[PDB]
Ligand SMILES: Cc1ccncc1NC(=O)Cc1cccc(O)c1
Ligand SMILES: Cc1ccncc1NC(=O)Cc1cccc(O)c1
């Protein structure tokens with residue numbers, strides 16, 4: 001009973017967080033095996049950020065300039081290298097708390113937990129969706145760079161995001177763990193357009209199934225629709241076009257509840273055209289798109 | 001930039017979770033020092049739950065009947081006792097992962113993180129408020145009993161809740177770590193009235209301050225109100241009456257933003273009387289009451 005915006009337990013990730021200082025800048029690093037990963041802008045001063053020549057800035061740095069501290073212990077840096085927008089600092093000690101892990105590049109519309117950190121210390125954990133425009137609407141202040149996003153399948157942490165930047169619009173940008181930015185963003189102090197965003201249709205449908213499973217059924221109607229008809233409505237309301245692949249991923253939820261995907265699409269169509277009429281669904285007064293069909297199945301069954 | 005329903009990092013609590021089995025029932029236990037805490041209904045069968053005589057049911061149990069497993073290792077039970085609705089199983093080994101901790105009884109309107117667990121394994125973490133009627137709107141399925149709520153001040157975990165029960169209405173009930181239920185609830189399979197709930201006024205005001213700090217300002221108006229006038233509106237809309245003590249706790253947020261508490265009350269009064277007019281605040285289409293003034297200050301400053 002009940003449905004919450006649930007994050008993964010952050011324990012395996014807390015054990016990997018470290019503080020990285022270079023010159024006067026301090027941010028967070030991710031210590032896995034004998035490598036510490038952090039945003040490459042740790043080597044910049046606030047003045048350098050207009051248009052930094054990272055290659056030139058890193059050439060002035062040596063292993064001993066990167067101060068890496070795991071809580072209270074100091075790590076010895078024996079190598080440094082830049083891969084895309086991340087720095088990899090080789091340390092002489094493998095992190096004893098390194099969990100089984102993978103580095104994954106998630107797709108837009110997928111979700112993940114963020115362990116927000118400051119000075120190498122965890123402050124909190126929250127669940128995010130990677131927007132269709134490759135930004136995340138997180139909660140990050142100065143010093144949060146290097147905080148990571150992740151998913152966990154049993155004992156394996158799949159790291160998918162590292163926080164790098166806040167856009168002038170207050171939304172967030174970052175990279176995969178190979179330092180490749182999601183979206184068109186550059187690690188520079190310049191105005192950067194985030195693309196037109198859309199609502200993640202398949203996630204809203206998955207969340208409508210979670211509502212039905214939990215007893216919120218008022219939005220169910222006597223109608224049905226087709227992919228073509230629904231997509232004309234999705235277009236008008238800036239929703240992602242629904243594909244057969246999206247319908248296929250909704251299969252388990254359609255099977256458990258006995259509500260065909262296109263019938264749930266007709267409920268979503270009516271909610272888009274008429275609003276909620278001052279009512280709520282799972283404690284929300286808007287259509288939630290931060291739960292994937294997998295998240296709904298996991299939460300509704302109790303997967304640990 | 002940004003504001004999220006953030007939970008505490010759950011790492012220190014994950015290290016304390018164990019599985020407790022007695023007879024045919026399995027649930028979660030909290031292992032701190034050499035004691036494992038769990039709901040006393042672990043000793044019941046589904047048939048016993050109509051009106052269990054817990055004293056009599058526990059008399060038929062011996063130390064060896066409580067199977068306690070921490071992941072893959074088996075704990076040796078050397079004592080058992082019932083305190084209110086919790087069982088305390090003394091084990092021969094102190095948990096090496098026991099953090100600095102306290103047991104606290106939180107007040108209604110206060111918030112905390114829940115580490116949902118099944119079979120002693122963590123599934124996810126979310127932030128909750130203890131409702132004014134002493135229920136929590138969580139996300140719990142069968143097997144989640146024994147999952148705990150907590151807050152963390154630097155390195156100290158203050159355990160405030162242990163999950164025991166789901167009411168016929170789909171809301172949740174539980175105890176403090178001394179086994180005292182929050183609210184009038186009993187650990188029986190009987191219909192139990194949850195009191196009339198109200199919205200946590202001071203939390204909604206704190207969240208309006210968080211909105212202003214983050215740039216959502218459209219609801220700010222040219223009006224002011226008094227405690228008496230605002231409370232006539234709070235009464236009509238089932239909001240908790242605002243007291244000078246609530247105003248006093250809002251002081252830091254009033255000081256940081258320069259918006260007097262009664263002026264923010266006039267914005268809340270207008271939002272109650274007129275609705276959001278199809279707009280949102282911090283990504284919500286309703287008035288959020290699950291962030292305390294302390295939560296807002298902590299998140300807005302970056303406390304770890
Ligand atoms: C201040 C802040 C708040 C929340 N999240 C991140 C930040 N920091 C930055 O954006 C640092 C930066 C990174 C690339 C380019 C820059 O010019 C500046
Ligand atoms: C099934 C479930 C779902 C979510 N949270 C908890 C539960 N379990 C219970 O309520 C067990 C119980 C506890 C006291 C009395 C009872 O009759 C039954």
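We number each residue from 1, going along the chain as drawn.
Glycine is treated like the rest: Cβ placed from N, Cα and C.
Positions annotated as ubiquitin cross-link by Swiss-Prot: B:5 (among others). Every protein chain shown contributes to the tally, and the Cβ of residue B:5 (ubiquitin cross-link) ends up with 23 other Cβ atoms within 10 Å.
Annotation source Swiss-Prot lists active site, for 3CL-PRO activity at B:41. The number of other Cβ atoms within 10 Å of the Cβ belonging to residue B:41 (active site, for 3CL-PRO activity), over all protein chains shown, comes to 23.
Taking Cβ-Cβ distances under 8 Å and a sequence separation of 6 or more, the neighbours of residue B:90 (ubiquitin cross-link) in its chain are B:34, B:35, B:77, B:78, B:79, B:80, B:81. Residues or ranges marked as ubiquitin cross-link in Swiss-Prot (evidence: experimental evidence): B:90 (among others).
Marked as active site, nucleophile by Swiss-Prot on the basis of experimental evidence: B:145. With a cut-off of 8 Å between CB atoms and residues at least 6 apart in sequence, the same chain places B:27, B:28, B:38, B:39, B:41, B:42, B:163, B:164, B:165 near residue B:145 (active site, nucleophile), listed in sequence order.
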Open item on the list: For a Cβ distance below 6 Å to any atom of ligand 2, name the recorded positions from B:5, B:41, B:90 that qualify, or say none.
Closed with: B:41
- [ ] Among the recorded positions B:41, B:90, B:145, say which ones reach under 8 Å of chain A by Cβ distance, listed as they appear in sequence.
- [x] none
- [ ] Around ligand 1, within a Cβ distance of under 6 Å, which of the recorded positions B:5, B:41, B:90, B:145 show up?
- [x] none
